[PDB]
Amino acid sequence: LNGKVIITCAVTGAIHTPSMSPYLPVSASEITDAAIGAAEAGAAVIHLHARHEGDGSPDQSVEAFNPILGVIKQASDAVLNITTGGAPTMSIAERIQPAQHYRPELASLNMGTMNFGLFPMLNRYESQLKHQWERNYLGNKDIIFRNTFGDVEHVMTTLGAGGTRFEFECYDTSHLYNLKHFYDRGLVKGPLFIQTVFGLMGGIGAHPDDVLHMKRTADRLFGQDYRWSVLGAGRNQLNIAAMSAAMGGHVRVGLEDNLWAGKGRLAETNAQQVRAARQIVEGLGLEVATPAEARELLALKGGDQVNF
């Protein structure tokens, strides 16, 4: 398995909004088409959210994933990874209900409580926002992603009992330290899939020294018992992916994380970012991991051992 790079594709998320790009997937069929195309392009892991079809706003309910998960699984053996994020006012118990019911191989896990903002972008996007929910959100200077020590323990115990393992999303150094606290307690066992997230407002930035700091910290705290992946937000996406691939890590792309392709051009598909990351991986002389290889690298339970 040496020299195999796992590409995760995060297809729509909850941070970007439909007025920001006509290519952001909104309907269940757009999301499944995006996931299937990304998997066919080489993404072994698909990170999934759902949205309301009427206005594109985030929908974290159990049933919102019903027309998503089985459709993708029928078409692709990719590893499906269900978010545990949600609105700042939603309880951790409600946020984990989709992963608790579907028992996926992976669920995402944000490792700390943090501010988040997109309000600096209001000058560029306000005139094109079509829905009031987007105006309310983009203008909100009081957003927190809440993931207390007690919340994270609850997710680890409750979802871990169903065989789900985590994409541990770590947005700054303290998230790696928080993860070390739970790893030393035995609440999660290795190999840990650690997704270090760069460039978001409220998180660490995307400078090369930020990337190496996160890598050095994770190496020191976890040794060989983790698998490193990077998420470079926005136009950092491919620069940070190339650093990770060149350093022995794995790569996350997707329209959840970056709407752009080049100088002012929007990305039209998730598959197009997978293809770019694959060009970098293969240019290095490495190979993209298949879903079966990713399941071995991440010690996952199998695409059949799920409730969909």
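Each residue number is its position in the shown sequence, starting from 1.
Judged by mean Cα B factor in the deposited record, 258-266 ranks above the other of 36-44 and 258-266. Note on 60-68 vs 235-243: mean CA B-factor is higher in 60-68.
Taking the deposited Cα B-factors for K180, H207, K73, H213, the highest one is held by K73. By the numbers in the PDB entry, the CA B factor is greatest at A161 among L176, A161, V230, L106.
When the modelled residues of the chain are ordered by their C-alpha B factor, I31 lands in the middle third.
Annotation for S19: CA B-factor lies in the highest third of the chain's modelled residues.
The entry lists a Cα temperature factor for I6 that places it in the lowest third of the chain's modelled residues.
Among all modelled residues in its chain, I82 ranks in the lowest third by Cα B-factor. Sort the chain's modelled residues by C-alpha temperature factor and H101 lands in the middle third, per the entry.
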